[PDB]
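Notes for the one structure printed next.
Please treat every number below as a calculation from the coordinates, not as lab data. Counting neighbours? That spans all protein chains shown, and the Cβs are built from the backbone with ideal geometry, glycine included.
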Amino acid sequence: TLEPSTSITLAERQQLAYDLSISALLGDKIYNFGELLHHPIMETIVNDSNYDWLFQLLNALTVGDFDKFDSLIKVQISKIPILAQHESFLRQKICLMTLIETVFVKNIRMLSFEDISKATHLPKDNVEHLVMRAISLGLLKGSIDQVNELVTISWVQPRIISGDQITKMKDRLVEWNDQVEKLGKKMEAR
Amino acid sequence: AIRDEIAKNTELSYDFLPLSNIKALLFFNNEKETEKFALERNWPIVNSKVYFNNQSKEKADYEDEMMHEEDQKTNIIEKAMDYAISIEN
Amino acid sequence: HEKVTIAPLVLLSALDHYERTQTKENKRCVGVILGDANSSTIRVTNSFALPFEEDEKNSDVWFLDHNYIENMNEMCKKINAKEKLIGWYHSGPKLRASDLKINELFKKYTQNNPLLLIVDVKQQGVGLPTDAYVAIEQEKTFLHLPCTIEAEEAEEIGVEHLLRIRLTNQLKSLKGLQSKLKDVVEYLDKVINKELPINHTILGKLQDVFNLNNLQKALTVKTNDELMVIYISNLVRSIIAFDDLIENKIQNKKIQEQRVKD
């Protein structure tokens with residue numbers, strides 16, 4: 001975030017962004033590839049010459065297609081399975097955080113193996129072992145249910161995205177608006 | 001008046017039953033006359049469509065009617081605990 | 001982080017010299033505090049004002065004399081030697097370049113980070129007329145430490161003699177409920193719609209409260225098991241309400257005895 005410090009030319013900003021790109025490929029820590037979008041990194045580079053890898057992985061999390069990003073890269077980073085393993089983790093971390101506040105307005109905490117199967121494009125057998133790997137890395141806390149095919153996970157790690165939870169934070173206070181009358185008047189009457 | 005009495009109890013007790021028990025137990029003569037009783041509240045008789053005839057539905061979310069309720073208001077429930085305020089003071 | 005504890009003697013003593021100088025809204029008063037900043041809980045046992053002069057049309061104009069500060073430190077060594085300069089306070093709601101640039105001036109005579117204080121003269125809203133703010137070198141931002149009000153045994157009761165149940169305790173509960181409503185609606189509506197400030201750094205902390213009817217509907221089935229303790233409280237209370245009839249029946253013998261004596 002520091003404008004005055006680290007003053008470099010335009011050509012060196014692309015080389016610095018290249019090190020920032022390859023560093024986030026091999027790990028999921030500190031948000032995701034979309035973190036550099038708001039930072040003056042992705043906006044200071046060019047969208048071609050294989051510098052768009054940070055932008056391609058932004059929509060690749062929702063689409064869930066590895067073949068699109070694999071065709072635009074080289075053999076150096078594509079020969080390591082860690083790239084494909086941690087990329088699928090960020091795709092699930094978006095869905096694992098939908099249990100508290102993302103889409104459902106009622107804040108009902110529930111997840112099923114069928115919903116995550118369509119999001120991660122994996123069968124029911126692979127998604128059972130995949131949830132344990134995300135919890136073991138210290139992402140979120142919770143357990144699952146194989147008998148009833150249910151996944152119970154809370155929400156801890158914040159994201160950089162906005163606009164999904166803005167409407168609900170006011171909607172949850174609307175329920176507080178209807179509670180000012182009944183207990184406000186009856187308490188003052190005593 | 002007889003057919004308006006028996007089948008009130010069949011709601012909770014009887015889970016399902018075909019048209020044979022309707023003609024026998026309730027003593028109905030002509031067919032398709034029960035369909036006239038089936039009009040508004042949607043009677044696909046296959047299992048249990050009741051609550052049209054013989055009182056009504058079970059609804060849901062009963063609040064602010066008579067005395068104490070369940071979901072929204074704890075105040076009238078708390079009013080029993082607050083009833084000692086006017087007695088002690 | 002650290003903590004702040006300020007006795008009520010320090011808070012009101014800072015407001016007195018504000019009016020004694022006939023200071024209007026165009027001027028503000030700046031002063032220094034004393035205590036022990038070494039521990040994790042910052043305690044302020046003393047305060048002294050300063051002849052602070054400021055221009056209302058320019059935020060870069062201020063008057064601060066360190067010779068009065070050097071003399072004040074020498075005068076305190078003869079009163080309380082255990083007290084050292086832990087920072088400085090100031091009056092007025094507004095924060096301008098006058099109070100921001102002088103934070104490094106008091107740093108020369110203060111070993112720890114000077115603790116900034118905004119003393120509200122009108123006492124507008126909630127509690128805590130004075131807020132304890134600390135600055136970081138790494139970007140600078142004003143953060144508020146968990147400032148609390150605590151004093152000794154004789155100091156807490158001393159103000160009680162000068163100033164001098166269940167329904168009243170519930171009155172403060174509703175005031176805290178509206179505090180949850182009014183703080184979020186006014187702040188969140190400022191970030192959205194018109195004039196988006198630079199944010200999503202604070203948003204991570206805001207939504208950290210909402211995850212854990214603000215809390216959880218997933219325990220609704222388990223809540224009935226948690227409510228059981230409340231139902232248990234009514235088991236004995238039904239007899240406790242009947243225990244009032246014990247004395248009520250014993251007191252019946254008194255009036256019945258009065259009819260015998262009459």
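Here are a few things to note about the model shown:
- The one condition in (1) closer than 25 Å to A:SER88 by Cβ; (2) away from every other protein chain (no Cβ under 14 Å) that A:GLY142 fails to fulfil: (2)
Conditions (1) exposed (fewer than 12 other Cβ atoms within 10 Å of the Cβ); (2) away from chain A (no Cβ under 14 Å); (3) at negative phi, marked per residue:
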{"site": "B:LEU39", "(1), (2), (3)": "yes, yes, yes"}
{"site": "B:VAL46", "(1), (2), (3)": "yes, yes, yes"}
{"site": "B:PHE52", "(1), (2), (3)": "no, yes, yes"}
{"site": "B:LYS57", "(1), (2), (3)": "yes, yes, yes"}
{"site": "B:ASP64", "(1), (2), (3)": "yes, no, no"}
{"site": "B:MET67", "(1), (2), (3)": "yes, yes, no"}
{"site": "B:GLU70", "(1), (2), (3)": "yes, yes, yes"}
{"site": "B:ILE77", "(1), (2), (3)": "no, no, yes"}
{"site": "B:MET81", "(1), (2), (3)": "no, no, yes"}
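- Checking A:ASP178 against (1) out of contact with any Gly (no Cβ under 7 Å at 6 or more places or on another chain); (2) more than 14 Å from chain C (Cβ to nearest Cβ), the condition it does not meet: (2)
- Breaking point among (1) at negative phi; (2) loosely packed, with under 12 Cβ neighbours inside 10 Å, for C:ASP243: (2)
- Evaluation of C:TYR231 against (1) loosely packed, with under 10 Cβ neighbours inside 10 Å; (2) within 24 Å of A:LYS168 (Cα to Cα); (3) more than 26 Å from the chain's Cα centre (by Cα); (4) of a type outside the set (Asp, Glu) (one fails), failing number: (2)
- Some residue of the stretch C:48-63 being hydroxyl-bearing (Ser, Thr, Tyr), surrounded by fewer than 19 Cβ atoms within 10 Å (Cβ to Cβ) and within 29 Å of the chain's Cα centre (by Cα): yes
- Among strands (runs of 3 or more DSSP E) entirely within the stretch C:65-142, having at least 2 residues that are β-branched (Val, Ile, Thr) singles out C:116-119, C:130-135.
- Total residues in the stretch A:49-67 satisfying the condition of being in a helix (DSSP H, G or I) and either more than 19 Å from the chain's Cα centre (by Cα) or among the polar types (S, T, N, Q) (or both): the figure is 4.
- Residue among C:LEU181, C:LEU206 that is of a type outside the set (S, T, N, Q), over 30 Å from A:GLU35 (Cβ atoms), in contact with a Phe, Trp or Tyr (Cβ under 9 Å, 6 or more places away or on another chain) and within 8 Å of another protein chain (Cβ to nearest Cβ): C:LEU181
- The stretch B:35-88, residues that are polar (S, T, N, Q) and in contact with a helix residue (DSSP H, G or I) (Cβ under 9 Å, 6 or more places away or on another chain): B:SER48, B:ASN53, B:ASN54, B:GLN55, B:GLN72, B:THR74, B:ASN75
- Residue in the stretch C:144-166 that is aliphatic (A, V, I, L, M) and within 13 Å of chain A (Cβ to nearest Cβ) present: yes
- Pairs where the first residue, in the stretch C:84-107, is within 10 Å of C:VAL30 (Cα to Cα) and the second is in a helix (DSSP H, G or I), C-beta under 8 Å, 6+ apart: C:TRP88/C:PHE106; C:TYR89/C:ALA14; C:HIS90/C:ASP99; C:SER91/C:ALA14; C:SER91/C:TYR18
- Residue in the stretch C:203-212 that is over 22 Å from B:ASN89 (Cβ atoms) and among the acidic types (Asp, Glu) present: yes
- Of all the numbered requirements in (1) within 14 Å of chain C (Cβ to nearest Cβ); (2) under 26 Å from the mean Cα position of the chain (by Cα); (3) over 23 Å from C:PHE210 (Cα atoms), A:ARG190 misses one, and that requirement is (2).
- Sole residue being acidic (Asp, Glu), closer than 24 Å to C:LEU12 by Cβ and either over 18 Å from the mean Cα position of the chain (by Cα) or loosely packed, with under 10 Cβ neighbours inside 10 Å (or both), chosen from C:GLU152, C:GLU195, C:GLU156, C:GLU160: C:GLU160
- Hits in the stretch A:1-19 (condition: within 14 Å of chain C (Cβ to nearest Cβ) and surrounded by 10 or more Cβ atoms within 10 Å (Cβ to Cβ)): none
- Hey, C:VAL134 touching a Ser or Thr at 6+ places or on another chain (Cβ under 9 Å) and within 30 Å of C:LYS175 (Cα to Cα) or not: no
- Criterion violated by C:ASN213 - all others in (1) out of contact with any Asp or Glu (no Cβ under 6 Å at 6 or more places or on another chain); (2) within 11 Å of another protein chain (Cβ to nearest Cβ) satisfied: (1)
- Filter result (surrounded by 10 or more Cβ atoms within 10 Å (Cβ to Cβ) and either under 17 Å from B:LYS57 (Cα atoms) or of a type in the set (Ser, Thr, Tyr) (or both)) within the stretch B:17-37: B:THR34, B:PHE37
- Residue selection: C:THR168 fails the criterion of being hydroxyl-bearing (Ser, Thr, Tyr), surrounded by 10 or more Cβ atoms within 10 Å (Cβ to Cβ) and either in contact with a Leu (Cβ under 7 Å, 6 or more places away or on another chain) or closer than 27 Å to B:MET81 by Cβ (or both).
- Scanning the stretch A:96-119 for residues being more than 14 Å from chain C (Cβ to nearest Cβ), surrounded by fewer than 19 Cβ atoms within 10 Å (Cβ to Cβ) and not β-branched (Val, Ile, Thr) gives a total of 6.
- For the stretch C:216-253, filtered to residues that are within 14 Å of chain A (Cβ to nearest Cβ) and of a type in the set (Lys, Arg), the residue that is farthest from A:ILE166 (Cα to Cα) is C:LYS222.
- Residues satisfying the stated conditions in the stretch C:177-192, i.e. over 26 Å from C:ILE42 (Cβ atoms) and within 24 Å of the chain's Cα centre (by Cα): C:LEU177, C:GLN178, C:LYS180, C:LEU181, C:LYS182, C:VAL184, C:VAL185, C:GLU186, C:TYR187, C:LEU188
- When A:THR167 is tested against (1) crowded, with 16+ Cβ neighbours inside 10 Å; (2) more than 7 Å from every other protein chain (Cβ to nearest Cβ); (3) over 18 Å from A:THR62 (Cα atoms), exactly one condition is not met: (1).
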